[PDB]
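# Structural overview
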Amino acid sequence: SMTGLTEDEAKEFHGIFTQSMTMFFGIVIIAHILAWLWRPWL
Amino acid sequence: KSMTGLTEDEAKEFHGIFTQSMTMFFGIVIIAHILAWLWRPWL
Amino acid sequence: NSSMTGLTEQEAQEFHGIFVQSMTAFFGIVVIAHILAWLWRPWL
Amino acid sequence: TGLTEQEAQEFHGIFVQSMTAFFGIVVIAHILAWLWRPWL
Amino acid sequence: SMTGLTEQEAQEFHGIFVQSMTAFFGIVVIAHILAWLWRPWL
Amino acid sequence: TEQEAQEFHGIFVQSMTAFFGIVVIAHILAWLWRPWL
Amino acid sequence: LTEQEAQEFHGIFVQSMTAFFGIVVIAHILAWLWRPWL
Amino acid sequence: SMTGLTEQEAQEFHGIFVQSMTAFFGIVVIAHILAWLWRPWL
Amino acid sequence: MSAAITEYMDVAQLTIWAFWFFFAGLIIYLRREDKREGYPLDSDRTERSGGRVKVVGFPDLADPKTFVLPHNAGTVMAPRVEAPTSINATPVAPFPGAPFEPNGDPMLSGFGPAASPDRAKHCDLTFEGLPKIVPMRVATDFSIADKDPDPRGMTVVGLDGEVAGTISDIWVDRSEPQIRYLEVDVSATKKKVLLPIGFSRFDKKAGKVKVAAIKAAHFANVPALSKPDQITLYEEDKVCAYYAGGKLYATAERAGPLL
Amino acid sequence: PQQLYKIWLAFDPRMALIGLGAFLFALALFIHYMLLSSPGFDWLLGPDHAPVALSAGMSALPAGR
Amino acid sequence: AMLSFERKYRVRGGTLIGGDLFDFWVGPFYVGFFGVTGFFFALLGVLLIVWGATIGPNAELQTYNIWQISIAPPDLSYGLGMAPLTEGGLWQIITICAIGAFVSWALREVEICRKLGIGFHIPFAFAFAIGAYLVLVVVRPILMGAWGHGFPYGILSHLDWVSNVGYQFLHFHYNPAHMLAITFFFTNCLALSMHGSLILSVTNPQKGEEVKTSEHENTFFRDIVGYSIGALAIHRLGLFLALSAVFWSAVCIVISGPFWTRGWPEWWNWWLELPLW
Amino acid sequence: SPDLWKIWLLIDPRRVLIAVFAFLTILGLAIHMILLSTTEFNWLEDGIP
Amino acid sequence: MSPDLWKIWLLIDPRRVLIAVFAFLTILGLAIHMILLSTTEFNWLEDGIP
Amino acid sequence: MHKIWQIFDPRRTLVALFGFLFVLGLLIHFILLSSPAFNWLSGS
Amino acid sequence: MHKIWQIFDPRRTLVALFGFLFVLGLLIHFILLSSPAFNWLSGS
Amino acid sequence: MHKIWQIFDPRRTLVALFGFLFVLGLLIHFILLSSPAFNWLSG
Amino acid sequence: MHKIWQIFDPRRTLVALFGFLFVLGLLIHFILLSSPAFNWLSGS
Amino acid sequence: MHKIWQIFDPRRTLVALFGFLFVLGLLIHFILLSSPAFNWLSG
Ligand code: BCL
Ligand code: BCL
Ligand code: BCL
Ligand code: BCL
Ligand SMILES: CC[C@H]1c2cc3[nH]c4c(c3C)C(=O)[C@H](C(=O)OC)c4c3nc(cc4[nH]c(cc(n2)[C@@H]1C)c(C(C)=O)c4C)[C@@H](C)[C@@H]3CCC(=O)OC/C=C(\C)CCC[C@H](C)CCC[C@H](C)CCCC(C)C
Ligand SMILES: [Ca+2]
Ligand SMILES: [Ca+2]
């Protein structure tokens, strides 16, 4: 609206954003479980 | 008429080139790291 | 309109051909120089 | 600020729910931290 | 066509440029042969 | 004009050659003073 | 420049140059007599 | 021609200059003779 | 709570890194503020691309900022669009980065040092709405300081020391009392022209005004006013630019070089 | 030189005399100062300048690398 | 490249040396003859600094850490003669290149302002900083007697040089020209802060208000301190303070050693030995 | 919040992308450097293997 | 993983992101090489081997 | 209280709040690091 | 892969590439000259 | 390879090339003068 | 080879050439003075 | 050759040459004073 974006475009932008965050927060979990296997910190 | 001026059939072509041009670079990186592991492993 | 830079397809293919030929000559010279340098004294 | 009364309704409605989700995450993290090493 | 030169003028300039550069490289080759005969660096 | 672009070479090249000759004379005398190579 | 007055300046420029060089050469000869450097 | 000095004014001024400089240089050379007599620098 | 975070890091190192981050942000902000006048740039890259690629560099431009002018003079946006113009010159050589030649008669050409934009066609105003720069014939409450020459009746001489007229009136500034212009009554066309103070030297011994910008015969082409009691921002700029052009175009020896 | 009087047709004598006088005075001051600095030609020390001799193993300046 | 209103001002002529040989623009820059000379002086100076870092003080203390790279002047036993390249002649060559580059920059500015038709205040002001550098590396070493009195070229080492030179006089705060220069520097900083604050306050008023006029600028400082200096006079004063600071700093450094070889507090004894007290 | 997507109606979606990319890159660099600063997690001078 | 991701080139222009990524990759490569050259273990020039 | 947004700009408030929360979290993590009893990157 | 020249201007790309390559060559030579192992002016 | 002069203009290119060649020659000579094994001014 | 002296001004070229030669001569003389085996003033 | 004054201003050439010669002489005297074998300001 203010930023020149309609509602129907905002909905699918939100969907794609969520689907990208899912993969980004999925790969980090693998990285952190490998790091814990390597050298635990807690 | 989006905020870049690229038509619907132009962003598709740019993406199609971009994915391959990045995959080959990553493959070269993978080969270089496989060779570097056999030289002086760090973990 | 025209292309984002103003070059047509043929005018951007002639440049690509000359560019890749120059790059290939450069890389061949570099490869020969590195082979000679390794024959001089290795680093790994 | 050039906002109508009804425009200032759903914004608050979303704002409170987002804040309370953040607070729930904070509470879980703090309970786990106390289970790790208490500070009192 | 950004340099304000046509094909013919570019070719005419390039001929003299390449001839001068070749004449400049010959002297360098001779000087390096003499310097190698003076005190080899390899 | 045509009377400078193609003619003024005839004096420029002669002056350059005359300068190089004096340079060579100086270098020969310097070598006879103290060789470096 | 006009041939009537273009080397008339050169005519006295040459003489001034020669006069400047004569005393320079005399000074250098005296300096070599005082303490040779080569 | 540039500085607006008539061919007589310049020729008049040059004589005064070339006589005053003569007197100045005579004074200077006398001073240098005395100074060399005092303590030679060569 | 101590001064050593780890075996190597301490507090005074984290503080300097935080300062560097803040400084990078501040530099980006300042460079974005710098780009409110004259962008996007005019280059060959834009025109070759058929007006498609716009050259702004990094960072890009900011959202428009509004100035409101007093006495209902209007509103001006800090980043705005302006109409591309056709210059009065012709390139010396076709390669990029080459200079231009001031086609025509250089003084009356509007190019080079004798160039100016087109400002608003209204007079600058005071806090009460009066015109700001006016002659002393209407600012009667003004006066010349004591023990000072009072340059009325002084002869004005040109670049070559030839008289080109006499001073007739003095234009002052109501808000800040100082002299902004001199009025010269040219004795070659029976006209009156303005002369900025920045281009005149006061020879108070013999009572003269020296104008080293243009010669005596050039005082006949100075741009004129619309009304004899006030001036606008457009005309002031035109008058100043005409004199500024003489710093390069006055004589044949002023284009250079020394050797 | 024969016709040197033409040199005053290009340079204004009124400025030339000022410049020459100023330059000559500056040169004289510089040369006097240079002599005053030198250890051989320093007349302010007096005609009867006798520096102090060192009778024993003494040195006016400390040693330095 | 060009601003949207710049093409009107790219005119031919106004050069000092060169004429039409080097009269062109390279990107946004104007080069000219002095542009070529200055650029290549700077390039050779940079390359020699990098080579001096490559050689290092030794083969063991050589390092590419930017804080620790230092190129040092010769020994005091060489006097004013020319030192070997590895023992301090590289410093002398780099000093010559730096002087050439600075002078070329100033002359290029003179050419630019001749082209634009404006005054010559900017190169004139730059000449003061150039003169301060020249006093640092040319005048003081000649008066003292050796090139070894110059400072080393390094980011952290020239601070060590400043500290040791300062402590050669046991208390450098008591240097009077030093006090004058410091007063000018602090006053310049204060005046700059006030000029910026006032211009921004007038140009960016309270919300829902129009741009302020010239009377407000004078009224503000007449109501704070009882006097206002004006729009042109504030720039006059800023230039005056900024140049006086540098002039008095050059005076303060050129009298330390050449004209005074004792502690700086002792210099004040003339005041304490007056017969009044 | 099930109607959170309207946050894209007020903030332009072509700036959050750049901001998050730069923020994630800088955060990753900072965490890698903090780990390198320690003597327990430094993988370049740990002495293994 | 979001097949319509190609729409991302309608938001940000490709040319400036290409310039940015090329500069960033060059800087990162130089930094990593210098960091490795700054350590005793991985300095392949001063290791002495072979 | 749903009239508070008639005074404060929602966008400005959200941006400032996110920045403030991020800086506060960073500060608290660093303070915990500086305490030898809570430094988790050392031994135990 | 010849349509890249319809996005980038060849002249600016060429000047930037040549500058980067020249600087890189100088940098590598200086890095090699700073180590006694590979210094060919005194080590060879 | 003769259309390069339709991309680069001779007037600026030749100036830059000559300047860089001169600076490179000076750098190589200075590097040699600083290496005792190749200094030719030691007798 | 001579097709240069048409828009390449000889008058402007001579000044630059003389300056270049003078600077080069000064540099070479000072470099010779920096070496003890060729310094013709201090020696002998 | 003698037409060199057709392509050069005689006045400016003299003004520049005199300063050049003065600076050159000053430099040579400075160099001679800095060599203890040729310094004449002793004894
Ligand atoms: C200390 C123990 C391990 C180690 C433990 C971890 C752990 C735990 C993590 C990493 C992660 C990373 N490590 Mg590691 N890592 C080690 C040593 C290294 C060394 C080295 C010189 O030895 C290098 C070069 C790296 C490099 C990396 C990066 C690949 C990655 C962080 C980049 C980032 O945050 O992007 C963020 C910036 C962006 C802009 C991403 C945005 C994504 C967008 C949507 C996609 C566009 C492309 C984007 C620009 C790049 C995508 C790359 C992917 C995010 C991977 N690590 C040591 C050996 N490392 C992190 C990771 O795996 O991230 C997935 C992570 O969680
Ligand atoms: C223990 C040491 C002593 C002390 C010993 C000294 C010594 C020794 C010196 C000073 C000097 C100064 N001291 Mg002190 N000083 C002390 C304490 C102080 C204190 C304080 C708060 O206590 C202050 C405020 C000062 C302040 C000052 C200034 C008056 C002065 C430095 C400014 C200057 O000279 O500008 C001069 C500016 C320049 C030289 C800039 C030149 C730059 C030119 C233009 C070259 C271009 C730069 C670059 C190449 C361009 C390209 C760069 C990038 C590629 C773009 N001192 C202590 C007590 N001080 C210095 C001085 O007076 O020098 C004249 C000086 O030598
Ligand atoms: C010291 C004991 C524990 C520890 C004790 C705690 C405690 C207690 C807390 C954290 C919290 C956090 N810790 Mg921890 N943490 C430790 C060590 C680490 C290390 C490390 C290098 O070892 C890292 C990278 C982190 C990182 C984090 C973040 C995930 C989180 C801070 C969020 C924030 O700042 O919001 C600021 C960001 C915004 C406001 C963004 C703006 C709005 C956004 C869009 C909405 C979401 C906000 C934020 C992103 C929520 C993230 C939650 C996710 C589920 C990760 N911790 C050690 C091991 N940590 C906090 C937390 O859980 O927050 C949720 C918290 O309360
Ligand atoms: C171990 C150290 C070895 C050594 C081992 C190597 C190895 C291995 C290599 C070099 C290479 C180079 N070395 Mg080495 N080198 C040594 C000592 C030297 C000495 C010396 C004083 O002793 C000199 C002068 C050099 C000089 C050089 C350069 C010729 C070259 C870097 C090219 C460049 O920067 O292009 C940058 C500039 C450009 C790319 C732009 C200019 C090119 C033109 C204008 C563009 C068109 C391209 C054209 C069609 C084809 C290429 C032509 C190029 C001129 C080659 N080396 C010692 C003996 N050297 C590299 C090389 O061979 O390059 C070919 C290389 O791989
Ligand atoms: C005199 C009043 C103040 C002043 C004025 C001033 N400075 C100026 C100007 C003016 C009016 C310009 O017009 C000019 C300019 O272009 O500004 C943008 C400039 C300038 N002042 C600069 C810097 C500068 N000014 C300083 C000071 C001051 N400048 C004074 C306080 C300082 C200080 C205090 O340190 C610095 C660092 C430049 C940004 C610029 C001049 C740029 C220039 O000359 O460029 C040509 C040279 C090069 C590009 C490369 C030189 C090559 C050398 C080999 C470099 C190294 C030399 C050095 C001796 C060795 C290393 C030293 C170590 C300490 C690291
Ligand atoms: Ca390891
Ligand atoms: Ca190895």
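Looking at the entry header, you'll see cryo-EM listed as the method and 2.81 Å as the resolution.

## Concerning the overall build of chain F
From N to C terminus, chain F includes 2 helices and 0 strands. By principal-axis analysis of the C-alpha atoms, chain F measures approximately 50 × 15 × 5 Å. For chain F, the residues scored as buried account for 5% of the 37 residues in total. Accessible surface, chain F: about 3200 Å² in total, of which carbon and sulfur atoms supply 72%.

## Some thoughts on the coordination of the magnesium atom of ligand 3
In this structure, the magnesium atom of ligand 3 receives exactly one donor atom from the protein: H29 of chain N (NE2), at 2.7 Å. Turning to its location among the elements, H29 of chain N is positioned in helix α1 (residues 10-34).

## Topic: the nonpolar core
Counting 37 residues, the largest nonpolar core has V211, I214, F219 and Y243 of chain I as its most contacted members. For this core, the secondary structure elements donating two or more residues are β5 (133-135), β7 (163-173), β8 (179-186), β9 (191-196) and α3 (233-249) of chain I. Ignoring any residue separated from it by four or fewer positions in sequence, one finds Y243 of chain I in contact with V193, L194, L195, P196, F199, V211, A213, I214, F219 and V222 of chain I. Counting 36 residues, the second largest nonpolar core, distinct from the first, contains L44 and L90 of chain K together with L26 and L41 of chain P.

## Topic: the coordination of the calcium ion (ligand 7)
The coordination sphere of the calcium ion (ligand 7) contains the protein donors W43 of chain C (O), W44 of chain M (O), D47 of chain M (OD), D47 of chain M (OD) and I49 of chain M (O), at a distance range of 2.3 to 2.4 Å. Placement of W43 of chain C in the segment after α1 (9-40) and of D47 of chain M in the segment after α1 (14-37) is noted, with the two residues assigned to different chains. Taking relative accessible area as the criterion, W43 of chain C reaches 25% and is therefore assigned partly exposed. Among the residues examined, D47 of chain M registers a relative accessible area of 21% and is labelled partly exposed.

## Things to note about the packing of helix α1 (residues 10-33) of chain P against helix α1 (residues 10-33) of chain Q
It is at 14 Å that the axes of α1 of chain P and α1 of chain Q come closest, and there the two elements cross at 5°. In terms of orientation, α1 of chain P lies roughly parallel with respect to α1 of chain Q. Along the contact surface, α1 of chain P presents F22, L26, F30 and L33 of chain P, while α1 of chain Q presents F20, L24, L27 and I31 of chain Q. Class assignment for the residues of the contact of α1 of chain P with α1 of chain Q results in 8 nonpolar, no polar and no charged.

## Quick notes on the domain arrangement of chain K
All names here are of chain K. Parsing chain K into structural domains produces domain 1 (1-168) and domain 2 (169-268). Between the C-alpha centres of domain 1 and domain 2 there is a distance of 28 Å. Facing the 13 residues of domain 1 at the interface are 14 residues of domain 2. Here domain 1 and domain 2 share an interface that buries about 1200 Å² over both sides, 80% of which is from carbon and sulfur atoms. Per-residue buried area on domain 1 facing domain 2 is highest for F128, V135 and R140; these three make up 35% of the total on that side. Remark: the boundary between domain 1 and domain 2 carries 0 salt bridges. On inspection of domain 1 and its partner domain 2, the count reaches 4 residue pairs in polar contact.

## Focus: the site of ligand 4
Neighbouring ligand 4 are 13 residues, the closest being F26 and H34 of chain C together with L21, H29 and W40 of chain O. Mapping the residues adjacent to ligand 4 onto the chains of the assembly identifies chains C, O and P. A distance of 3.3 Å separates an oxygen atom of ligand 4 from a polar side-chain atom of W40 of chain O. Sort the elements by how many residues they give to the shell around ligand 4 and α1 of chain C lands first, with 6 residues. The class makeup of the residues in the shell around ligand 4 is 11 nonpolar, 2 polar and no charged.

## Topic: the layout of surface pockets
By volume, the second largest pocket amounts to about 1100 Å³. Taken together, 36 residues line the second largest pocket, and the ones lying closest to its centre are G198 and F199 of chain I together with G117, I118 and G119 of chain K. Of all the elements in the fold, those that place two or more residues in the lining of the second largest pocket are α3 of chain I together with α2 (89-116), α3 (121-144) and α7 (231-254) of chain K. In terms of residues, the lining of the second largest pocket owes the most to one element, α3 of chain I, which gives 6 residues. Here the lining of the second largest pocket is composed, by residue class, of 20 nonpolar, 8 polar and 8 charged. Two domains share the lining of the second largest pocket, each providing at least three of its residues, namely domain 1 (1-168) and domain 2 (169-268) of chain K.

## Quick notes on the arrangement of the chains
Interchain contacts are distributed over 52 pairs of chains, and the most extensive set of them lies between chains I and K. In this assembly chain F lies apart from chain I, the nearest approach of their C-alpha atoms being 18 Å. These two, chain C and chain J, are apart from each other, with no contact and a minimum C-alpha gap of 43 Å.

## A closer look at the pattern of salt bridges
Scanning the entire structure with this criterion turns up 35 salt bridges over all chains. One salt bridge connects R10 of chain K with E6 of chain K, and the closest N-O pair in it is separated by 3.2 Å. With a relative accessible area of 6%, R10 of chain K lands in the buried category. Connected through shared salt-bridge partners, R137, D169, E183, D185, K192 and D229 of chain I make up one network.

## Some details on the interface of chain K and chain I
Taken together, the 34 residues of chain K in the interface contact 43 residues of chain I. For the pair chain K and chain I, the summed buried surface comes to about 3200 Å²; carbon and sulfur atoms form 57% of the total. Three residues stand out in chain K for area buried against chain I, namely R7, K8 and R12 of chain K, and they jointly supply 20% of the buried area on that side. The tally of links from chain K across to chain I stands at 2 salt bridges. A salt bridge links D42 of chain I to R7 of chain K; the nearest nitrogen and oxygen atoms lie 2.5 Å apart.

## What to know about a negative patch on the surface
Residues and elements named next belong to chain A. Together, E7, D8, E9 and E12 make up a region of like negative charge exposed at the surface. By the element assignment, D8 lies in helix α1 (residues 7-38). The class for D8 is exposed, based on a relative accessible area of 54%.

## Structural notes on the site of ligand 3
The full set of residues close to ligand 3 is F22, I25, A29 and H30 of chain D, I31 of chain L together with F18, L21, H29, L32 and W40 of chain N. The environment around ligand 3 is built from residues contributed by chains D, L and N. Contributing elements (two or more residues each) for the shell around ligand 3: α1 (7-36) of chain D together with α1 of chain N. Broken down by class, the residue content of the shell around ligand 3 amounts to 8 nonpolar, 2 polar and no charged.

## Side note on helix α1 (residues 10-33) of chain O
In a regular helix each residue adds 1.5 Å, so 24 residues correspond to 34 Å; α1 of chain O covers 35 Å between its end C-alpha atoms and thus fits that length. Buried within α1 of chain O are the following residues: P10, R11, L14, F30 and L33 of chain O. Where α1 of chain O is buried, its residues meet α1 of chain C, α2 (44-48) of chain I, α1 (32-55) of chain K together with α1 of chain P.

## Examining the pairing of strand β1 (residues 66-69) of chain I
All names here are of chain I. One ladder, built from 4 bridges, connects β1 with strand β2 (residues 74-77); its direction is antiparallel. Within the sheet, the bridge partner assigned to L69 lies in β2 and is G74. Hairpin connection of β1 to β2: 4 residues between the antiparallel strands, including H71 at a positive phi of 60°.

Reading the values: rules and limits
Residues numbered from 1 in each chain as written, not as in the entry; some residues may be left out. Chains lettered and ligands numbered in written order. Part of a larger assembly, values for the part shown. Heavy atoms only, no water. Residues with missing side-chain atoms left out of burial classes, pairs and counts. Helix = DSSP H or I, 4+ residues; strand = E, 2+ residues; numbered from the N terminus. Buried < 20%, exposed > 50% of the residue type's maximum accessible area, 1.4 Å probe, protein only. Areas by Shrake-Rupley, 256 points an atom, 1.4 Å probe, with all protein chains shown as cover. Donors = N, O, S within 2.8 Å, 3.2 Å for Na, K, Ca; no water. Core = buried A, V, L, I, M, F, W, Y, C linked by side-chain atoms within 4.5 Å. Contact = heavy atoms within 4.5 Å. Axes fitted to C-alpha atoms, helices over the stretch in contact; angles between N-to-C directions. Parallel < 35°, antiparallel > 145°, perpendicular 65-115°, else oblique. Nonpolar A, V, L, I, M, F, W, Y, C, P; charged D, E, K, R; others polar. Domains from an automatic or database assignment. Buried area = accessible area lost by both parts, 1.4 Å probe. Salt bridge = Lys/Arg side-chain N within 4 Å of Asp/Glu carboxyl O. Polar contact = N/O pair within 3.5 Å; in protein donor to acceptor, adjacent residues only side chain to side chain. Near = heavy atom within 4 Å. 1 Å grid on protein atoms, 1.4 Å probe; cavity = no way out; pocket = protein on both sides within 12 Å on 5 of 7 lines; lining within 4 Å. Points joined across faces, edges and corners; volume = space filled by probe spheres on them. Patch = residues over 30% accessible without salt bridge, like charges linked within 9 Å, V, L, I, M, F, W, Y side chains within 5 Å. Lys, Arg positive; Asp, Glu negative; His and termini not counted. Charge placed at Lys NZ, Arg CZ, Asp CG, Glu CD. Expected span 1.5 Å × (residues − 1). Pairing = 2+ DSSP bridges.

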